[PDB]
Each structure stands twice: as structure tokens, then as C-alpha cells.
Amino acid sequence: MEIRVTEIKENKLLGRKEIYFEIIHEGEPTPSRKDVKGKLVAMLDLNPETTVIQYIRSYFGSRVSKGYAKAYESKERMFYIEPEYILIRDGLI
């Protein structure tokens with residue numbers, strides 16, 4: 001797969017960077033959340049312990065998946081804001 005970061009928003013209130021990206025996965029199966037996270041962590045040199053994938057979405061008209069990740073300033077902050085299901089399926093809990 002190849003990832004293209006399209007926008008990074010700062011959220012000083014919630015202590016996080018909001019990262020919007022595209023996942024190109026032609027001539028391969030749709031990547032797992034874990035693989036996509038691993039790829040994004042590597043590219044932006046993120047702390048995987050304070051990074052969550054909110055979504056990896058696919059669309060009817062499109063071969064390219066759209067992703068939303070958050071990189072938290074701290075794991076305590078992440079835990080305060082993020083719902084439990086997000087932390088579970090992204091391996092944080």
C-alpha cells in the first residue's frame with residue numbers, strides 16, 4: 001500500500017493532531033487497520049502508543065480508502081477523550 005497525507009489539523013483544545021490521508025491498495029487486498037496504522041506511524045514517525053485510527057472508509061465510486069488518525073500529546077489525554085471501542089479495535093487497550 002501507499003499512503004498520501006492530505007491534511008494535518010492541530011487541535012490545541014483536545015491536545016491532538018488530526019491527520020487525514022488516502023490509502024492506495026491496488027493489486028493487493030484492502031490493508032488491515034494495523035497495517036495502515038503501522039504505515040502511517042512510520043511515515044510521520046508517530047508514537048503508536050498515543051495514535052488512534054478513527055476510521056478507514058471505502059466508497060462506492062472509489063478504489064482509494066480515506067483515513068482519519070489522531071496523534072495525542074499523551075496517553076492520559078487520549079484515554080480521557082477517546083471512546084473505549086476506538087482504543088480496543090486500534091489495539092491501544
# chains A, B, ... in the order shown; residues from 1 in each chain; ligands from 1
>>> select_by_dssp(residues="chain A", states="alpha helix (DSSP H)", output="ChimeraX atom specification")
/A:33-44,75-81,84-89
>>> residues_around(residues="stretch 81-91 of chain A", least_positions_apart="4", cutoff="10 Å", atoms="only C-alpha atoms", output="PyMOL selection string")
chain A and resi 14-15+33-34+37+48-55+70+72+76-77
>>> closest_residue(among="A:60, A:20, A:30, A:93", to="residue A:79", atoms="only C-alpha atoms")
A:93
>>> residues_around(residues="residue A:19", least_positions_apart="5", cutoff="10 Å", atoms="only C-alpha atoms", output="PDB file with N, CA and C atoms, in the first residue's frame")
ATOM      1  N   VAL A   5      -0.802  11.680   2.881  1.00  0.00           N
ATOM      2  CA  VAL A   5      -1.392  12.567   3.886  1.00  0.00           C
ATOM      3  C   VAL A   5      -1.948  13.795   3.156  1.00  0.00           C
ATOM      4  N   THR A   6      -3.225  14.117   3.356  1.00  0.00           N
ATOM      5  CA  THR A   6      -3.857  15.221   2.644  1.00  0.00           C
ATOM      6  C   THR A   6      -3.989  16.463   3.524  1.00  0.00           C
ATOM      7  N   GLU A   7      -3.987  16.310   4.846  1.00  0.00           N
ATOM      8  CA  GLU A   7      -4.195  17.444   5.739  1.00  0.00           C
ATOM      9  C   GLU A   7      -3.873  17.015   7.155  1.00  0.00           C
ATOM     10  N   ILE A   8      -3.141  17.864   7.890  1.00  0.00           N
ATOM     11  CA  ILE A   8      -2.966  17.696   9.329  1.00  0.00           C
ATOM     12  C   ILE A   8      -3.481  18.952  10.023  1.00  0.00           C
ATOM     13  N   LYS A   9      -4.525  18.815  10.876  1.00  0.00           N
ATOM     14  CA  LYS A   9      -5.076  19.903  11.683  1.00  0.00           C
ATOM     15  C   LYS A   9      -4.561  19.741  13.124  1.00  0.00           C
ATOM     16  N   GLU A  10      -4.134  20.868  13.736  1.00  0.00           N
ATOM     17  CA  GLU A  10      -3.839  20.947  15.160  1.00  0.00           C
ATOM     18  C   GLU A  10      -5.158  21.178  15.891  1.00  0.00           C
ATOM     19  N   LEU A  40       1.331   4.515   8.565  1.00  0.00           N
ATOM     20  CA  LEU A  40       1.187   5.933   8.897  1.00  0.00           C
ATOM     21  C   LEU A  40       2.134   6.347  10.034  1.00  0.00           C
ATOM     22  N   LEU A  44       5.061   9.383   9.488  1.00  0.00           N
ATOM     23  CA  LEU A  44       5.047  10.608  10.275  1.00  0.00           C
ATOM     24  C   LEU A  44       5.866  10.431  11.561  1.00  0.00           C
ATOM     25  N   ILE A  53      -6.339   5.261  14.919  1.00  0.00           N
ATOM     26  CA  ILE A  53      -7.126   5.298  13.694  1.00  0.00           C
ATOM     27  C   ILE A  53      -8.600   5.443  14.074  1.00  0.00           C
ATOM     28  N   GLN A  54      -9.201   6.609  13.786  1.00  0.00           N
ATOM     29  CA  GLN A  54     -10.639   6.837  13.963  1.00  0.00           C
ATOM     30  C   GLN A  54     -11.401   6.037  12.902  1.00  0.00           C
ATOM     31  N   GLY A  67      -8.714   7.774   5.374  1.00  0.00           N
ATOM     32  CA  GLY A  67      -8.361   7.534   6.763  1.00  0.00           C
ATOM     33  C   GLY A  67      -8.367   8.841   7.566  1.00  0.00           C
ATOM     34  N   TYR A  68      -8.628   8.689   8.862  1.00  0.00           N
ATOM     35  CA  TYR A  68      -8.567   9.733   9.867  1.00  0.00           C
ATOM     36  C   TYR A  68      -7.880   9.099  11.069  1.00  0.00           C
ATOM     37  N   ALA A  69      -6.718   9.642  11.434  1.00  0.00           N
ATOM     38  CA  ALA A  69      -5.982   9.260  12.627  1.00  0.00           C
ATOM     39  C   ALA A  69      -5.827  10.487  13.527  1.00  0.00           C
ATOM     40  N   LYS A  70      -5.679  10.252  14.828  1.00  0.00           N
ATOM     41  CA  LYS A  70      -5.341  11.272  15.811  1.00  0.00           C
ATOM     42  C   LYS A  70      -4.055  10.849  16.524  1.00  0.00           C
ATOM     43  N   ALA A  71      -3.122  11.811  16.649  1.00  0.00           N
ATOM     44  CA  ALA A  71      -1.895  11.682  17.408  1.00  0.00           C
ATOM     45  C   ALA A  71      -1.985  12.595  18.645  1.00  0.00           C
TER      46      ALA A  71
END
>>> atom_distance(atom1="atom CA of residue A:47", atom2="atom CA of residue A:1")
20.6 Å
>>> atom_distance(atom1="atom CA of residue A:57", atom2="atom CA of residue A:28")
16.6 Å
